[PDB]
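See below for the structure under consideration.
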Amino acid sequence: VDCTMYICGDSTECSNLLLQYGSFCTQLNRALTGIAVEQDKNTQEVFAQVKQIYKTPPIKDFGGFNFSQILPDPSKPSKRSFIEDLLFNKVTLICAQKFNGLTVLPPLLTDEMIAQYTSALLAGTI
Amino acid sequence: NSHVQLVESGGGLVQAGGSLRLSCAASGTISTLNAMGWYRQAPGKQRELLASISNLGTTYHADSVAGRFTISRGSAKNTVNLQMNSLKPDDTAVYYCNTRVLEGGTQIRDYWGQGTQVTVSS
Amino acid sequence: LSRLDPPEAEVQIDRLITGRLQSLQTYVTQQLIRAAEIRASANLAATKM
Amino acid sequence: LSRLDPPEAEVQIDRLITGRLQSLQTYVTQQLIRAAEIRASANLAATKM
Amino acid sequence: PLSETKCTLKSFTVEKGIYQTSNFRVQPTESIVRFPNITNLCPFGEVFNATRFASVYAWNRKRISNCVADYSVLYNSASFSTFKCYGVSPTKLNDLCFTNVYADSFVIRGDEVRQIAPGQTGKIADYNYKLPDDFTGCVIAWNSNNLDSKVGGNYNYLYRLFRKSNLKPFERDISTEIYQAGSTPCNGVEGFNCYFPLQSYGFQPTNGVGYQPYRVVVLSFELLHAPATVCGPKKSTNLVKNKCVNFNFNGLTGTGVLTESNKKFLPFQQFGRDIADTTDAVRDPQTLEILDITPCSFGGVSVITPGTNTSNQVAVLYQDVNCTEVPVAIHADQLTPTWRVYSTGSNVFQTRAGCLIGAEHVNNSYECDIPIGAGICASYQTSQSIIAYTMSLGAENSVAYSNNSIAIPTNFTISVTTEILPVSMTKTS
């Protein structure tokens, strides 16, 4: 969120009056930026454990164990597994709330990349 | 430099039932006094029009002053005098003077003077 | 701005600015608390992984 | 204090006091949040030790 | 941008990374004011389209107040032999407000139209209708031979030829006592030295244009420092779409971008409000169509740069904005050779994060160096320049899995790694 736009949207006298209140703006902006960076740090720490991307075996034998449910499905447009897409559908606005100086920075890791990391971990474990 | 200016005079404390006459003098770059008016902004009250005269001689008088204040425009047509007859308590106010000027045939500019105080007591 | 002149509108603008600033500050504090909670949750998830 | 007399300077002093007090409260809250963060860090470091 | 980043960091040395510096705000380009449709104009037709007009001595006065006056129908219409105004510009009438208006309608001979003006003389001016010297208003006249003339002599219209004194401005005299034109009193008896005070023009179709009857309407405007009751139509601006603009719909003021809307307001509904209660859609007062409101940019500006110790070039990221808005950053005011180079060029690239300028979009994938966002990362390498690429999740590797194979190590290696953890803070009081 931008302090000046939120408090003094499109106005100049309000901006001048707020100018003499100090550096609260900078503090709030720094805190929000820190939280935004913390989100990326958390997701990377959780999902960046694997050093290399491990491909699943071309033929699934596994001595009779069926991992179809958790393994990714190339058939679907998105390469997420049978369970992951179910979670996305179950969990399924803020888009139009951008009017009052709000902003929603996109996550550094796209859902496709997180799915890639999870698939690599699954292949490594298997 | 000679911007349109208005000056008010003639007001003051008067015993109830008396009479006075305010004089309003206009100066400056007066192109055309289309409308000429007298106002009063009493202490604690908003400015209220009392009497006015158009450039055509037609005059308006507020009901608060109708029948007591008579507005007459001088021969020079630059000054307007408001003869206040049988001054009543409602006349206690700071009287202001206004005129409308059509500069360039399209710009309506309203000019005001300093004003003069009037007071009626019992 | 329109209804009142600047010299009198200044106090109203000051009150409004104070209110909005305090609301934003409360929001920022709540966001910090929730960020700490989610950071703890993410640390737990990383340990589990 | 020097420019204005006390009775009129009281409002200015009150505004300044409110601003400074609020800023100090902001700093204290930020210090508490960072203290909690470093407390978690110290607990995890002690666990490693 | 590099100097702006230096000022923001309060340092002459900037390390590799991305820094938020300023905000890119799109200012409005125009202003829009829309007000209800033409609506209830003042009753001009009543005075003008009236079937019959009164006499010159009995000129009919019509008061007009508390209505919007569309004077354009007067001068835009060439249905008037004479059109003139005093004290005001006729074209300015549609943008003027007046306390009261008085329309004086009557009929006079065409050749006598000249007497209808300030300071005029003659019987019509002196004894039928006199105008003030400083008259403020307009006078309108048109031919009425086809309406005010009859075969054999039309004797309905009358005028005052005699009277003791000239009529004062805007004065009517309808008393018709026998005027004493001679020393012998008339005693209300017409005769020698006592003529019919009124007179009939006797309009006939064979009368010449000068002698033919002419219908005249005079609009006098009264201004006495009082509130204005009449006001010309509030000229509403045209409709501008797909561009930032300040709009004011019958008092509803806002700033945004008007776009064609697919909503469906009920007939009584005027504007819609979002879940946050903010205005979202509005319907034009003049005509019934709906438009949506959107914010302009609200975007931020960040600078991507490798460590100044390594290079000197930089790249600019305009957050969550189109690449056409980028160069609309109060441009033409920054430094000519340093900022406008980043304004726009072939370097322009678009991502979900926003518009990126100063970086080439290569196809190769590499481990993230400077996180741009949404899976995009930037790095300085190559001739050297800034390249934006898609983040490489990691090295590709496949395990030669089989149902009877195994991998067992034959040698080992001892690895020492460092882990750092904060433990305390300065005890400040």
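As shown in the structure tokens, the chain order sets the letters A, B, ...; within each chain, residues go from 1, and ligands are also counted from 1 in the order they appear.
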**OP:** Quick one: pick out all strand (DSSP E or B) residues within chain A from a backbone DSSP run and write them as a VMD selection string.
**Re:** chain A and resid 52 to 55 72 81
Would you export the selected residues with N, CA, C and O atoms as a tab-separated table (two decimals), in the first residue's frame, please?
chain	number	residue	atom	x	y	z
A	52	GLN	N	18.49	-30.90	-7.47
A	52	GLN	CA	18.27	-31.20	-8.87
A	52	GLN	C	16.84	-31.67	-9.09
A	52	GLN	O	16.20	-32.20	-8.18
A	53	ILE	N	16.35	-31.48	-10.31
A	53	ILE	CA	15.02	-31.93	-10.70
A	53	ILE	C	15.13	-33.39	-11.13
A	53	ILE	O	15.85	-33.71	-12.07
A	54	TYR	N	14.40	-34.26	-10.44
A	54	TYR	CA	14.44	-35.69	-10.70
A	54	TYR	C	13.21	-36.09	-11.51
A	54	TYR	O	12.08	-35.88	-11.08
A	55	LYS	N	13.45	-36.67	-12.69
A	55	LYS	CA	12.37	-37.15	-13.53
A	55	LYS	C	11.88	-38.51	-13.05
A	55	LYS	O	12.67	-39.35	-12.58
A	72	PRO	N	2.44	-36.43	-11.01
A	72	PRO	CA	1.83	-35.49	-11.95
A	72	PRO	C	1.23	-36.20	-13.15
A	72	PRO	O	1.71	-37.25	-13.59
A	81	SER	N	-0.73	-33.02	-10.05
A	81	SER	CA	-1.20	-34.39	-9.86
A	81	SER	C	-2.71	-34.42	-9.63
A	81	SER	O	-3.40	-33.39	-9.65
**OP:** Pull out every residue of chain D that has at least one atom within 10 Å of chain C, counting only C-alpha atoms, and report them as a VMD selection string.
**Re:** chain D and resid 22 26 29 to 30 33 to 34 36 to 37 40
Could you save those same residues with N, CA and C atoms as an mmCIF file, in the first residue's frame?
data_model
loop_
_atom_site.group_PDB
_atom_site.id
_atom_site.type_symbol
_atom_site.label_atom_id
_atom_site.label_comp_id
_atom_site.auth_asym_id
_atom_site.auth_seq_id
_atom_site.Cartn_x
_atom_site.Cartn_y
_atom_site.Cartn_z
ATOM 1 N N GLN D 22 3.400 9.032 19.986
ATOM 2 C CA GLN D 22 3.010 8.014 19.023
ATOM 3 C C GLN D 22 4.229 7.410 18.344
ATOM 4 N N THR D 26 5.484 3.538 18.293
ATOM 5 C CA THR D 26 5.795 2.775 17.083
ATOM 6 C C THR D 26 7.126 2.061 17.234
ATOM 7 N N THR D 29 6.851 -0.917 19.589
ATOM 8 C CA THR D 29 6.190 -2.064 18.970
ATOM 9 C C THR D 29 7.123 -2.783 18.002
ATOM 10 N N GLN D 30 7.843 -2.024 17.172
ATOM 11 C CA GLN D 30 8.787 -2.647 16.247
ATOM 12 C C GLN D 30 9.870 -3.403 17.006
ATOM 13 N N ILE D 33 8.465 -6.714 18.177
ATOM 14 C CA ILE D 33 8.359 -7.700 17.102
ATOM 15 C C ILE D 33 9.731 -8.290 16.787
ATOM 16 N N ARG D 34 10.742 -7.427 16.653
ATOM 17 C CA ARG D 34 12.084 -7.924 16.367
ATOM 18 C C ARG D 34 12.629 -8.754 17.522
ATOM 19 N N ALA D 36 10.801 -10.691 19.455
ATOM 20 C CA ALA D 36 10.189 -12.008 19.296
ATOM 21 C C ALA D 36 10.897 -12.813 18.210
ATOM 22 N N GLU D 37 11.207 -12.169 17.083
ATOM 23 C CA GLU D 37 11.923 -12.863 16.015
ATOM 24 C C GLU D 37 13.263 -13.398 16.512
ATOM 25 N N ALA D 40 12.901 -16.383 18.847
ATOM 26 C CA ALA D 40 12.751 -17.646 18.129
ATOM 27 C C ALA D 40 14.089 -18.110 17.568
#
**OP:** Mind listing the helix (DSSP H, G or I) residues of range 9-218 of chain E, per DSSP on the backbone, as a ChimeraX atom specification?
**Re:** /E:9,44-48,72-75,90-95,110-115,123-128,145-148
Selected residues written out with N, CA and C atoms, as a compact mmCIF listing (two decimals), in the first residue's frame:
# COMPACT_ATOMS: atom_id res chain seq x y z
N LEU E 9 18.95 5.11 -1.39
CA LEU E 9 19.78 4.33 -0.48
C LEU E 9 20.71 5.20 0.36
N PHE E 44 -40.12 29.71 -24.32
CA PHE E 44 -39.94 30.68 -25.39
C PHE E 44 -41.04 30.57 -26.43
N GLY E 45 -41.47 29.35 -26.74
CA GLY E 45 -42.49 29.17 -27.76
C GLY E 45 -43.78 29.89 -27.41
N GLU E 46 -44.14 29.90 -26.12
CA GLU E 46 -45.36 30.58 -25.70
C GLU E 46 -45.37 32.03 -26.17
N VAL E 47 -44.25 32.74 -25.97
CA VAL E 47 -44.17 34.13 -26.40
C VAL E 47 -44.03 34.22 -27.91
N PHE E 48 -43.19 33.37 -28.51
CA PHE E 48 -42.89 33.49 -29.93
C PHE E 48 -43.96 32.84 -30.80
N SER E 72 -30.09 29.82 -27.58
CA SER E 72 -29.60 29.42 -28.90
C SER E 72 -30.72 29.36 -29.92
N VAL E 73 -31.93 28.99 -29.49
CA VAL E 73 -33.07 28.92 -30.40
C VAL E 73 -33.43 30.30 -30.93
N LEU E 74 -32.93 31.36 -30.31
CA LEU E 74 -33.25 32.72 -30.74
C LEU E 74 -32.35 33.17 -31.88
N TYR E 75 -31.03 33.10 -31.69
CA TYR E 75 -30.06 33.60 -32.70
C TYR E 75 -29.71 32.49 -33.69
N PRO E 90 -24.93 38.66 -27.47
CA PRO E 90 -26.01 37.69 -27.75
C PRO E 90 -25.57 36.24 -27.66
N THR E 91 -24.35 35.93 -28.10
CA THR E 91 -23.85 34.57 -28.00
C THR E 91 -23.59 34.16 -26.56
N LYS E 92 -23.39 35.12 -25.66
CA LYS E 92 -23.13 34.83 -24.26
C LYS E 92 -24.41 34.59 -23.47
N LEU E 93 -25.58 34.82 -24.07
CA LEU E 93 -26.83 34.67 -23.33
C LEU E 93 -26.99 33.25 -22.78
N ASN E 94 -26.58 32.25 -23.56
CA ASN E 94 -26.72 30.86 -23.13
C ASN E 94 -25.83 30.52 -21.95
N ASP E 95 -24.88 31.38 -21.59
CA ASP E 95 -24.01 31.17 -20.44
C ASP E 95 -24.20 32.25 -19.38
N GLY E 110 -43.50 47.93 -39.57
CA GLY E 110 -42.10 47.63 -39.80
C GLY E 110 -41.23 48.87 -39.83
N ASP E 111 -41.71 49.92 -40.50
CA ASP E 111 -40.96 51.17 -40.56
C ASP E 111 -40.79 51.81 -39.18
N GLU E 112 -41.67 51.49 -38.24
CA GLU E 112 -41.59 52.03 -36.88
C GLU E 112 -40.71 51.19 -35.97
N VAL E 113 -40.11 50.11 -36.47
CA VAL E 113 -39.25 49.27 -35.64
C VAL E 113 -38.07 50.07 -35.12
N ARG E 114 -37.62 51.08 -35.87
CA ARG E 114 -36.48 51.88 -35.43
C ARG E 114 -36.76 52.57 -34.11
N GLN E 115 -38.02 52.93 -33.85
CA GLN E 115 -38.37 53.59 -32.59
C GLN E 115 -38.21 52.68 -31.38
N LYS E 123 -44.13 58.71 -31.62
CA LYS E 123 -45.33 58.31 -30.90
C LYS E 123 -45.17 56.94 -30.26
N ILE E 124 -44.60 55.98 -31.00
CA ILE E 124 -44.43 54.63 -30.46
C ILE E 124 -43.53 54.66 -29.23
N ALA E 125 -42.42 55.39 -29.31
CA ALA E 125 -41.50 55.45 -28.17
C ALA E 125 -42.08 56.29 -27.04
N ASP E 126 -42.66 57.44 -27.37
CA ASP E 126 -43.09 58.38 -26.33
C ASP E 126 -44.31 57.86 -25.58
N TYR E 127 -45.34 57.41 -26.30
CA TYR E 127 -46.66 57.19 -25.73
C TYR E 127 -47.13 55.75 -25.76
N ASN E 128 -46.41 54.84 -26.41
CA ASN E 128 -46.80 53.44 -26.49
C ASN E 128 -45.85 52.52 -25.74
N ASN E 145 -47.14 40.10 -41.63
CA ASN E 145 -48.17 40.47 -42.60
C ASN E 145 -49.14 39.32 -42.83
N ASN E 146 -48.63 38.10 -42.95
CA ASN E 146 -49.49 36.94 -43.18
C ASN E 146 -50.35 36.60 -41.97
N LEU E 147 -50.08 37.20 -40.81
CA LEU E 147 -50.81 36.91 -39.58
C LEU E 147 -51.60 38.09 -39.05
N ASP E 148 -51.05 39.30 -39.14
CA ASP E 148 -51.66 40.49 -38.54
C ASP E 148 -52.34 41.39 -39.57
Subject >> Option closest in space to residue 80 in chain A, from A:27, A:44, A:118, A:56 [counting only C-alpha atoms] >> reply: A:118
Once you count only C-alpha atoms, which residues of chain E turn out to be within 12 Å of chain D? Could you give them as a short mmCIF file (atom, residue, chain, number, x, y, z; two decimals) with N, CA and C atoms, in the first residue's frame?
data_model
loop_
_atom_site.label_atom_id
_atom_site.label_comp_id
_atom_site.auth_asym_id
_atom_site.auth_seq_id
_atom_site.Cartn_x
_atom_site.Cartn_y
_atom_site.Cartn_z
N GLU E 419 26.75 -22.46 9.42
CA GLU E 419 25.39 -22.01 9.66
C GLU E 419 25.43 -20.90 10.70
N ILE E 420 24.81 -19.77 10.38
CA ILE E 420 24.87 -18.57 11.21
C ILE E 420 23.47 -18.27 11.75
N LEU E 421 23.40 -17.92 13.03
CA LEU E 421 22.13 -17.65 13.69
C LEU E 421 22.27 -16.45 14.62
N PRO E 422 21.43 -15.43 14.49
CA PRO E 422 21.43 -14.35 15.49
C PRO E 422 21.00 -14.87 16.86
N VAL E 423 21.56 -14.27 17.90
CA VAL E 423 21.28 -14.69 19.27
C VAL E 423 20.77 -13.58 20.17
N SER E 424 21.07 -12.31 19.90
CA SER E 424 20.66 -11.24 20.79
C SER E 424 20.66 -9.93 20.02
N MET E 425 20.27 -8.86 20.71
CA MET E 425 20.19 -7.52 20.16
C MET E 425 20.76 -6.53 21.16
N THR E 426 21.16 -5.36 20.66
CA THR E 426 21.66 -4.31 21.54
C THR E 426 20.57 -3.91 22.54
N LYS E 427 20.95 -3.85 23.81
CA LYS E 427 20.00 -3.53 24.88
C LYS E 427 19.85 -2.01 24.95
N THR E 428 18.90 -1.51 24.17
CA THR E 428 18.64 -0.08 24.09
C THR E 428 17.46 0.30 24.98
N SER E 429 17.61 1.40 25.70
CA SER E 429 16.58 1.92 26.58
C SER E 429 16.34 3.38 26.27
#
Any chance you could tabulate, as CSV, the residues of chain A at most 9 Å from chain C with each one's nearest atom pair and distance in Å to one decimal, using only C-alpha atoms, in chain and rising number order?
residue,atom,partner,partner_atom,distance
A:3,CA,C:24,CA,8.0
A:6,CA,C:20,CA,8.2
A:7,CA,C:20,CA,6.0
A:8,CA,C:17,CA,7.9
A:13,CA,C:10,CA,8.7
A:14,CA,C:13,CA,6.7
A:17,CA,C:14,CA,7.3
A:18,CA,C:17,CA,7.2
A:24,CA,C:21,CA,8.6
A:28,CA,C:28,CA,6.8
A:31,CA,C:28,CA,7.6
A:32,CA,C:28,CA,7.3
A:35,CA,C:35,CA,6.4
A:38,CA,C:39,CA,7.7
A:39,CA,C:39,CA,8.0
A:42,CA,C:42,CA,5.8
A:43,CA,C:42,CA,7.5
A:45,CA,C:46,CA,6.5
A:46,CA,C:46,CA,4.6
A:47,CA,C:46,CA,7.8
A:49,CA,C:49,CA,8.1
Would you save the residues from that selection as a PDB file, in the first residue's frame, using N, CA, C and O atoms?
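Result went into part-v8.pdb, see below:
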ATOM      1  N   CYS A   3       1.297   4.994   1.116  1.00  0.00           N
ATOM      2  CA  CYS A   3       0.744   5.833   2.174  1.00  0.00           C
ATOM      3  C   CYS A   3       0.140   7.112   1.609  1.00  0.00           C
ATOM      4  O   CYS A   3      -0.995   7.477   1.930  1.00  0.00           O
ATOM      5  N   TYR A   6      -3.037   6.665  -0.386  1.00  0.00           N
ATOM      6  CA  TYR A   6      -4.145   6.215   0.450  1.00  0.00           C
ATOM      7  C   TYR A   6      -4.695   7.354   1.299  1.00  0.00           C
ATOM      8  O   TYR A   6      -5.908   7.600   1.320  1.00  0.00           O
ATOM      9  N   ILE A   7      -3.817   8.064   2.009  1.00  0.00           N
ATOM     10  CA  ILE A   7      -4.264   9.130   2.900  1.00  0.00           C
ATOM     11  C   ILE A   7      -4.682  10.358   2.101  1.00  0.00           C
ATOM     12  O   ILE A   7      -5.684  11.010   2.419  1.00  0.00           O
ATOM     13  N   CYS A   8      -3.927  10.692   1.054  1.00  0.00           N
ATOM     14  CA  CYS A   8      -4.129  11.937   0.323  1.00  0.00           C
ATOM     15  C   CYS A   8      -4.315  11.674  -1.166  1.00  0.00           C
ATOM     16  O   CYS A   8      -3.657  12.305  -2.001  1.00  0.00           O
ATOM     17  N   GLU A  13      -2.907  19.557  -1.127  1.00  0.00           N
ATOM     18  CA  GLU A  13      -2.854  20.176   0.194  1.00  0.00           C
ATOM     19  C   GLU A  13      -2.737  19.116   1.282  1.00  0.00           C
ATOM     20  O   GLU A  13      -1.983  19.285   2.248  1.00  0.00           O
ATOM     21  N   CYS A  14      -3.475  18.014   1.138  1.00  0.00           N
ATOM     22  CA  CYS A  14      -3.334  16.906   2.073  1.00  0.00           C
ATOM     23  C   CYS A  14      -1.912  16.362   2.055  1.00  0.00           C
ATOM     24  O   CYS A  14      -1.353  16.031   3.107  1.00  0.00           O
ATOM     25  N   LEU A  17       0.296  18.757   3.996  1.00  0.00           N
ATOM     26  CA  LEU A  17       0.073  18.637   5.433  1.00  0.00           C
ATOM     27  C   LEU A  17       0.693  17.358   5.983  1.00  0.00           C
ATOM     28  O   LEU A  17       1.268  17.358   7.078  1.00  0.00           O
ATOM     29  N   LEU A  18       0.581  16.254   5.242  1.00  0.00           N
ATOM     30  CA  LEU A  18       1.171  14.997   5.692  1.00  0.00           C
ATOM     31  C   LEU A  18       2.692  15.043   5.646  1.00  0.00           C
ATOM     32  O   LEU A  18       3.358  14.321   6.396  1.00  0.00           O
ATOM     33  N   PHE A  24       6.724   8.310   8.875  1.00  0.00           N
ATOM     34  CA  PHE A  24       5.866   7.144   9.058  1.00  0.00           C
ATOM     35  C   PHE A  24       5.657   6.415   7.737  1.00  0.00           C
ATOM     36  O   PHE A  24       5.619   5.178   7.694  1.00  0.00           O
ATOM     37  N   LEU A  28       6.259   2.364   7.181  1.00  0.00           N
ATOM     38  CA  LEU A  28       5.213   1.439   6.754  1.00  0.00           C
ATOM     39  C   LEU A  28       5.579   0.765   5.437  1.00  0.00           C
ATOM     40  O   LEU A  28       5.367  -0.444   5.267  1.00  0.00           O
ATOM     41  N   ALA A  31       8.160  -1.894   6.136  1.00  0.00           N
ATOM     42  CA  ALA A  31       7.573  -3.062   6.787  1.00  0.00           C
ATOM     43  C   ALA A  31       6.820  -3.928   5.783  1.00  0.00           C
ATOM     44  O   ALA A  31       6.943  -5.161   5.785  1.00  0.00           O
ATOM     45  N   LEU A  32       6.026  -3.296   4.914  1.00  0.00           N
ATOM     46  CA  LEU A  32       5.278  -4.062   3.923  1.00  0.00           C
ATOM     47  C   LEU A  32       6.217  -4.764   2.948  1.00  0.00           C
ATOM     48  O   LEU A  32       5.991  -5.926   2.583  1.00  0.00           O
ATOM     49  N   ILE A  35       7.634  -7.817   4.672  1.00  0.00           N
ATOM     50  CA  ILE A  35       6.684  -8.930   4.695  1.00  0.00           C
ATOM     51  C   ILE A  35       6.602  -9.588   3.321  1.00  0.00           C
ATOM     52  O   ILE A  35       6.551 -10.822   3.201  1.00  0.00           O
ATOM     53  N   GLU A  38       9.491 -11.686   2.871  1.00  0.00           N
ATOM     54  CA  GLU A  38       9.396 -12.831   3.768  1.00  0.00           C
ATOM     55  C   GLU A  38       8.539 -13.931   3.160  1.00  0.00           C
ATOM     56  O   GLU A  38       8.817 -15.120   3.353  1.00  0.00           O
ATOM     57  N   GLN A  39       7.477 -13.558   2.446  1.00  0.00           N
ATOM     58  CA  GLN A  39       6.653 -14.573   1.789  1.00  0.00           C
ATOM     59  C   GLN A  39       7.486 -15.406   0.816  1.00  0.00           C
ATOM     60  O   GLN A  39       7.438 -16.647   0.830  1.00  0.00           O
ATOM     61  N   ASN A  42       9.900 -17.680   2.665  1.00  0.00           N
ATOM     62  CA  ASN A  42       9.239 -18.849   3.236  1.00  0.00           C
ATOM     63  C   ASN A  42       8.977 -19.903   2.171  1.00  0.00           C
ATOM     64  O   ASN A  42       9.300 -21.084   2.354  1.00  0.00           O
ATOM     65  N   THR A  43       8.379 -19.497   1.047  1.00  0.00           N
ATOM     66  CA  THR A  43       8.056 -20.483   0.017  1.00  0.00           C
ATOM     67  C   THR A  43       9.322 -21.127  -0.540  1.00  0.00           C
ATOM     68  O   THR A  43       9.367 -22.347  -0.745  1.00  0.00           O
ATOM     69  N   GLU A  45      12.254 -21.502   0.982  1.00  0.00           N
ATOM     70  CA  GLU A  45      12.817 -22.400   1.984  1.00  0.00           C
ATOM     71  C   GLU A  45      12.039 -23.706   2.043  1.00  0.00           C
ATOM     72  O   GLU A  45      12.631 -24.785   2.171  1.00  0.00           O
ATOM     73  N   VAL A  46      10.712 -23.630   1.954  1.00  0.00           N
ATOM     74  CA  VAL A  46       9.899 -24.839   2.045  1.00  0.00           C
ATOM     75  C   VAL A  46      10.133 -25.737   0.834  1.00  0.00           C
ATOM     76  O   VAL A  46      10.299 -26.955   0.972  1.00  0.00           O
ATOM     77  N   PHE A  47      10.155 -25.156  -0.368  1.00  0.00           N
ATOM     78  CA  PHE A  47      10.108 -25.951  -1.591  1.00  0.00           C
ATOM     79  C   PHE A  47      11.444 -26.075  -2.317  1.00  0.00           C
ATOM     80  O   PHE A  47      11.525 -26.840  -3.285  1.00  0.00           O
ATOM     81  N   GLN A  49      14.261 -27.457  -1.298  1.00  0.00           N
ATOM     82  CA  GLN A  49      15.152 -28.402  -0.636  1.00  0.00           C
ATOM     83  C   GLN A  49      15.981 -29.200  -1.635  1.00  0.00           C
ATOM     84  O   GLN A  49      17.148 -29.507  -1.366  1.00  0.00           O
TER      85      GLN A  49
END
Original post:
Which neighbours of residue 73 in chain B fall inside 10 Å, counting only C-alpha atoms, when residues of the same chain fewer than 3 positions from it are skipped, and could you give them as an MDAnalysis selection string?
Top reply: chainID B and resid 23:24 36 52:55 57 59 76:82
Could you save those same residues with N, CA, C and O atoms as a compact mmCIF listing (two decimals), in the first residue's frame?
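Final output, selection.txt:
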# COMPACT_ATOMS: atom_id res chain seq x y z
N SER B 23 -24.25 55.93 2.09
CA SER B 23 -23.74 56.30 0.78
C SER B 23 -22.67 55.31 0.36
O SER B 23 -21.74 55.02 1.12
N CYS B 24 -22.79 54.79 -0.86
CA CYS B 24 -21.85 53.82 -1.41
C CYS B 24 -21.20 54.43 -2.65
O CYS B 24 -21.89 54.74 -3.63
N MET B 36 -26.58 46.89 -8.86
CA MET B 36 -26.03 47.60 -7.72
C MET B 36 -26.84 47.22 -6.48
O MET B 36 -28.07 47.29 -6.50
N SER B 52 -31.39 46.86 -3.73
CA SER B 52 -30.51 46.87 -4.89
C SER B 52 -31.23 47.55 -6.04
O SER B 52 -32.46 47.58 -6.11
N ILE B 53 -30.43 48.11 -6.95
CA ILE B 53 -30.94 48.78 -8.14
C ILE B 53 -30.17 48.28 -9.35
O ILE B 53 -28.93 48.26 -9.33
N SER B 54 -30.89 47.88 -10.39
CA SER B 54 -30.26 47.49 -11.64
C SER B 54 -29.84 48.73 -12.42
O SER B 54 -30.21 49.86 -12.10
N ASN B 55 -29.06 48.51 -13.48
CA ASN B 55 -28.66 49.61 -14.34
C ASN B 55 -29.84 50.22 -15.08
O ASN B 55 -29.70 51.32 -15.64
N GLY B 57 -32.72 51.03 -13.61
CA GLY B 57 -33.54 51.76 -12.66
C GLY B 57 -34.45 50.90 -11.82
O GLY B 57 -34.92 51.36 -10.77
N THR B 59 -35.56 48.36 -9.05
CA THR B 59 -35.00 48.15 -7.73
C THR B 59 -35.69 47.00 -7.02
O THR B 59 -36.89 46.76 -7.20
N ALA B 76 -24.79 60.58 -11.43
CA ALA B 76 -23.57 60.06 -12.03
C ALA B 76 -23.65 58.56 -12.27
O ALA B 76 -22.85 58.02 -13.04
N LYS B 77 -24.60 57.87 -11.63
CA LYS B 77 -24.80 56.43 -11.74
C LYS B 77 -23.61 55.64 -11.21
O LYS B 77 -23.49 54.44 -11.51
N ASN B 78 -22.72 56.27 -10.45
CA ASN B 78 -21.59 55.59 -9.83
C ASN B 78 -21.85 55.29 -8.35
O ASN B 78 -21.29 54.32 -7.83
N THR B 79 -22.69 56.08 -7.69
CA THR B 79 -22.96 55.91 -6.27
C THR B 79 -24.43 55.60 -6.06
O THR B 79 -25.29 56.05 -6.82
N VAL B 80 -24.70 54.80 -5.03
CA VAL B 80 -26.06 54.43 -4.65
C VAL B 80 -26.24 54.77 -3.17
O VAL B 80 -25.36 54.48 -2.35
N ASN B 81 -27.37 55.39 -2.84
CA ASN B 81 -27.67 55.81 -1.48
C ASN B 81 -28.91 55.08 -0.99
O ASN B 81 -29.94 55.06 -1.67
N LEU B 82 -28.81 54.47 0.19
CA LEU B 82 -29.91 53.74 0.82
C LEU B 82 -30.41 54.57 1.99
O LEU B 82 -29.81 54.58 3.07
**OP:** Can you check which residues of chain E have any atom within 6 Å of chain A? Use only C-alpha atoms and format it as number ranges by chain.
**Re:** E: 295, 298, 373-375, 394-398
Written selection (N, CA and C atoms) as a compact mmCIF listing (two decimals), in the first residue's frame:
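Final output, saved to selection08.txt:
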# COMPACT_ATOMS: atom_id res chain seq x y z
N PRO E 295 -9.27 2.63 -12.07
CA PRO E 295 -8.14 3.46 -11.66
C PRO E 295 -7.12 3.59 -12.77
N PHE E 298 -1.81 3.74 -10.48
CA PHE E 298 -1.52 3.38 -9.09
C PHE E 298 -0.24 2.57 -8.98
N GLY E 373 9.98 -11.40 -10.44
CA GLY E 373 8.66 -11.79 -10.00
C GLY E 373 7.91 -12.56 -11.07
N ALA E 374 6.93 -13.33 -10.60
CA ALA E 374 6.09 -14.15 -11.47
C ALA E 374 6.92 -15.12 -12.31
N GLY E 375 8.01 -15.62 -11.74
CA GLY E 375 8.85 -16.59 -12.42
C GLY E 375 9.93 -16.00 -13.30
N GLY E 394 16.00 -25.79 -11.67
CA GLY E 394 17.17 -26.55 -11.27
C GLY E 394 17.69 -27.37 -12.43
N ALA E 395 18.83 -28.02 -12.17
CA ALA E 395 19.45 -28.86 -13.18
C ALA E 395 18.60 -30.09 -13.45
N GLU E 396 18.56 -30.51 -14.72
CA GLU E 396 17.79 -31.68 -15.10
C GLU E 396 18.61 -32.94 -14.85
N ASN E 397 17.98 -33.94 -14.23
CA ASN E 397 18.65 -35.19 -13.92
C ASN E 397 17.60 -36.28 -13.77
N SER E 398 17.91 -37.47 -14.27
CA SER E 398 17.02 -38.62 -14.18
C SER E 398 17.77 -39.79 -13.56
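Distance-wise, CA of residue 60 in chain B and CA of residue 110 in chain B end up 17.3 Å apart.
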Contacts of residue 120 in chain B at 7 Å or less, counting only C-alpha atoms, minus same-chain residues fewer than 2 places along, as a tab-separated table (two decimals) with C-alpha atoms, in the first residue's frame?
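Once written, selection-v1.tsv looks like this:
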chain	number	residue	atom	x	y	z
B	13	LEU	CA	-25.75	53.97	16.19
B	14	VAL	CA	-29.27	55.39	15.91
B	15	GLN	CA	-32.15	55.53	18.37
B	16	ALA	CA	-35.17	53.42	17.46
B	88	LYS	CA	-35.74	49.35	13.72
B	89	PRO	CA	-33.70	46.87	15.80
B	91	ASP	CA	-31.11	47.23	11.14
B	92	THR	CA	-28.22	46.60	13.57
